[PDB]
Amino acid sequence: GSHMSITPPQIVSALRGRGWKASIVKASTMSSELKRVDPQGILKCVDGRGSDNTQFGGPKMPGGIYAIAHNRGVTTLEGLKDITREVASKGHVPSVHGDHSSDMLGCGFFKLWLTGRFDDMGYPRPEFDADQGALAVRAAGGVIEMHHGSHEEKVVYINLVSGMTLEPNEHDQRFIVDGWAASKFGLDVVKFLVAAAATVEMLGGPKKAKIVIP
């Protein structure tokens, strides 16, 4: 695994520098919401909407496993299938998602990536569309989740408590980012968090973060 190079207060500084409101929350203040990761839960998107998911307890990352491919600059279906099997072998059921309004283009993160909204940040675009990616993930043993409703995220939780995660609540929505999980998969963490913040910004999400720590 890789590790975080940056500290929580720096993350906060980084966010405030981007015009965000950000603070540090102690895991003890969330003893109730913080759930231990269940290896049977899908590693899914930070999306705060409800969905047909029945495999809870998995870590949250932008676009599900797309976050891993995005961070590493993996842009092929085969590479995506590699990542799908890698995730499955590291204690999590891999997945990507779409919704009922825009089908596979229902994942804000991937749409941003596919449409080049990450060009300015120097990210290689994927070499496949949302439909190809989803089917490729499925064929490699991954899950295709489907959301519904509208985005009503009120806050962004950047959880740094390893082995723990936060779940969606469609009636009181929030974006959830398990930063500790980027470390587990050897991603450039700073680079991952910045990508997550930019994702929320470009989707017009709430620029308010709560950084959860042990």
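Sequential numbering from 1, following the sequence displayed.
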Between 161-169 and 57-65 (mean CA B-factor, as deposited), the higher: 161-169
Mean C-alpha B-factor comparison - 6-14 and 188-196, higher one: 6-14
Selection from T84, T75, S101, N71 [criterion: highest C-alpha temperature factor in the record]: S101
From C45, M146, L34, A181, residue of greatest CA B-factor: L34
Third of the chain's Cα B-factor distribution that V156 belongs to, per the entry: middle
Third of the chain, ranked by Cα B-factor, where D129 sits: lowest
